[PDB]
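Peer 1: Got a structure for you, written out below as structure tokens; questions coming shortly.
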Amino acid sequence: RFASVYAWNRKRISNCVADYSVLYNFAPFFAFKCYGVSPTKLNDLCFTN
Amino acid sequence: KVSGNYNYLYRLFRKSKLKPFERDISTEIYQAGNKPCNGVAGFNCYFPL
Amino acid sequence: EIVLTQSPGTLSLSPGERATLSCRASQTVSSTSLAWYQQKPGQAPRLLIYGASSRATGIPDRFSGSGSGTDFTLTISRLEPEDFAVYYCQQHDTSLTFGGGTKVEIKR
Amino acid sequence: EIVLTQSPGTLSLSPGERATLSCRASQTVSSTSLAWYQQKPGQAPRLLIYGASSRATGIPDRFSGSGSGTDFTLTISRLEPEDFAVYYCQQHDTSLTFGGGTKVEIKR
Amino acid sequence: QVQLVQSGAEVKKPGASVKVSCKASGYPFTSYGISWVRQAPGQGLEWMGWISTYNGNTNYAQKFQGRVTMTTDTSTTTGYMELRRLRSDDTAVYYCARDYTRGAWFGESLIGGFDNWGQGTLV
């Protein structure tokens, strides 16, 4: 149910743990395309939402 | 140069911080992640220079 | 080697009119190679422009230069006819060869 | 809800040969609306394929998927004699509906 | 690594409520919901139950809408049914499963299937 680009849905992440191993090491479809973040240290540094 | 200067290089990725006053010149393809590149220079293997 | 090619054949202008000079090369001359000289009749050469727009021997308000890469131009405004010297250009990066030159006459 | 039209009534064939399982939809389903499961006598169902053709639980050389658009089909090559598993196919667009069931006998 | 354990066989008289439990372990009990299916011999399965773990969103089947009520506990990560409106000939097996089709937080249309199943109980 991926909405169209004219109107999408916002996904707000509550209090939980961010694990990005399933994104990088598991199913590496295409480029990581990190904007400003350490791909090895994605989880070692964390944000609010 | 109107076409730009491609004769000037700088190392971008390295294993460790440089100790003062020595060279780190080396012809090798950076190994990021868990992909043991044997000269592929593909995904997760970018030229440090 | 590369020999310079010049086609400002004659500067047939009176004092007060703008003067433009070109030093187009053969295939490429990099921007870190520029020299300009005035060859006065019966005298010795002297440097005026050694780069883009710098001064060597005074240059109060007349000798100006600009350009980038394949094109380089020299501009003179409000020319005083005492010198009427030959405009010579020189590149340095591709060996060394003086330009063809351009005599400056008075147009009485 | 939309049910899946299934007619593998009885795949009474010798093990190790080509086996075809039909899971034709009613009118129209998306290509990524598929799920294939196996069940064994005296054993709980296990998942086989969670998508179009990706392997979910092992699938060494037997289970494969083909088709395009709406119609899709399951393919078995070199079927292991012991399993004789009853296959189920489920969609994703309209709620969640299972297959009727495919019975395979000993075929001595 | 994942362990789904369940109680033993039970027989419940008609008109009562049968309590059925399934303890889940071995997987992080926050990223997946808890689904519940029924199976009888000679037929496939159904879509009778689903309750998430982060929230209590209800997505039960319309065929038995308002007939199934159940709880999920994070203290032991156990799913409990107090199934009512019991019938004599509903001695069909009930299976707990991990939902990889319904979103356990928002309710997205997750591509995939119920990759895991419990050991089963008899009612």
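Residues in the structure tokens are named by chain (A, B, ... in the order shown) and by number from 1 within that chain; ligands are numbered from 1 in the order shown.
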So that I can check the surroundings of stretch 5-12 of chain E, please list as a ChimeraX atom specification every protein, DNA and RNA residue that reaches within 9 Å of it, counting only C-alpha atoms and ignoring chain neighbours fewer than 3 positions away.

Peer 2: /E:15-18,20-25,86-88,91,96,118-123

Peer 1: Take the residues that were just selected and, keeping C-alpha atoms, output them as a PDB file, in the first residue's frame.

Peer 2:
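This went into part.pdb:
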```pdb
ATOM      1  CA  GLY E  15     -21.626 -23.362  26.010  1.00  0.00           C
ATOM      2  CA  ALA E  16     -18.423 -22.808  28.004  1.00  0.00           C
ATOM      3  CA  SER E  17     -15.240 -20.880  27.170  1.00  0.00           C
ATOM      4  CA  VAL E  18     -11.993 -22.675  26.329  1.00  0.00           C
ATOM      5  CA  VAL E  20      -5.854 -21.574  25.038  1.00  0.00           C
ATOM      6  CA  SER E  21      -2.301 -20.325  25.563  1.00  0.00           C
ATOM      7  CA  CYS E  22       0.877 -20.051  23.495  1.00  0.00           C
ATOM      8  CA  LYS E  23       4.169 -18.836  24.961  1.00  0.00           C
ATOM      9  CA  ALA E  24       6.587 -17.198  22.519  1.00  0.00           C
ATOM     10  CA  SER E  25      10.333 -16.777  22.973  1.00  0.00           C
ATOM     11  CA  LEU E  86     -18.292 -23.216  22.167  1.00  0.00           C
ATOM     12  CA  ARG E  87     -19.696 -26.112  20.145  1.00  0.00           C
ATOM     13  CA  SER E  88     -19.407 -29.859  20.674  1.00  0.00           C
ATOM     14  CA  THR E  91     -12.454 -30.095  18.381  1.00  0.00           C
ATOM     15  CA  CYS E  96      -0.251 -19.529  17.158  1.00  0.00           C
ATOM     16  CA  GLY E 118       3.487 -23.280  17.467  1.00  0.00           C
ATOM     17  CA  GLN E 119       3.342 -26.835  18.762  1.00  0.00           C
ATOM     18  CA  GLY E 120      -0.457 -26.840  18.964  1.00  0.00           C
ATOM     19  CA  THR E 121      -3.217 -27.556  21.471  1.00  0.00           C
ATOM     20  CA  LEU E 122      -6.354 -29.689  21.255  1.00  0.00           C
ATOM     21  CA  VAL E 123      -9.707 -28.229  22.292  1.00  0.00           C
TER      22      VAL E 123
END
```

Peer 1: Over all Cα atoms paired in order, how far apart are chain D and chain C after a least-squares superposition, as an RMSD in Å?

Peer 2: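 Once chain D is fitted onto chain C, the C-alpha RMSD works out to 1.0 Å.
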
Peer 1: Considering only C-alpha atoms, tabulate each residue of chain D that lies at most 12 Å from chain A along with its nearest interatomic pair and the corresponding distance in Å to one decimal; arrange the rows by chain and ascending residue number and present them as JSON lines.

Peer 2:
```
{"residue": "D:30", "atom": "CA", "partner": "A:1", "partner_atom": "CA", "distance": 11.4}
{"residue": "D:32", "atom": "CA", "partner": "A:1", "partner_atom": "CA", "distance": 11.5}
{"residue": "D:33", "atom": "CA", "partner": "A:1", "partner_atom": "CA", "distance": 11.8}
{"residue": "D:54", "atom": "CA", "partner": "A:27", "partner_atom": "CA", "distance": 11.5}
{"residue": "D:92", "atom": "CA", "partner": "A:1", "partner_atom": "CA", "distance": 11.0}
{"residue": "D:93", "atom": "CA", "partner": "A:1", "partner_atom": "CA", "distance": 9.7}
```

Peer 1: What would the file look like if the residues just selected were written as a compact mmCIF listing (two decimals), in the first residue's frame with N, CA, C and O atoms?

Peer 2:
```txt
# COMPACT_ATOMS: atom_id res chain seq x y z
N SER D 30 -2.40 -8.60 -7.74
CA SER D 30 -1.07 -8.05 -7.99
C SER D 30 -0.04 -9.17 -8.08
O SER D 30 -0.22 -10.27 -7.55
N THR D 32 2.96 -9.28 -6.75
CA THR D 32 3.51 -9.55 -5.42
C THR D 32 2.40 -9.79 -4.40
O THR D 32 2.36 -9.19 -3.33
N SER D 33 1.47 -10.69 -4.74
CA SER D 33 0.46 -11.19 -3.81
C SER D 33 0.48 -12.71 -3.94
O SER D 33 -0.34 -13.30 -4.66
N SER D 54 11.22 -15.98 -4.16
CA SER D 54 12.30 -16.00 -3.17
C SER D 54 12.18 -17.20 -2.26
O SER D 54 11.07 -17.64 -1.92
N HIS D 92 -2.66 -11.85 -1.24
CA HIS D 92 -2.43 -10.73 -0.34
C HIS D 92 -3.37 -9.55 -0.56
O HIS D 92 -3.52 -8.74 0.37
N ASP D 93 -3.99 -9.42 -1.73
CA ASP D 93 -4.77 -8.22 -2.02
C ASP D 93 -6.09 -8.20 -1.26
O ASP D 93 -6.49 -7.16 -0.73
```

Peer 1: Might you pull out every residue within 12 Å of residue E:45, with only C-alpha atoms counted and same-chain residues fewer than 3 positions away left off, and present them as number ranges by chain?

Peer 2: D: 37, 39, 44-45, 88-90, 96-101; E: 36-42, 48-49, 92-95
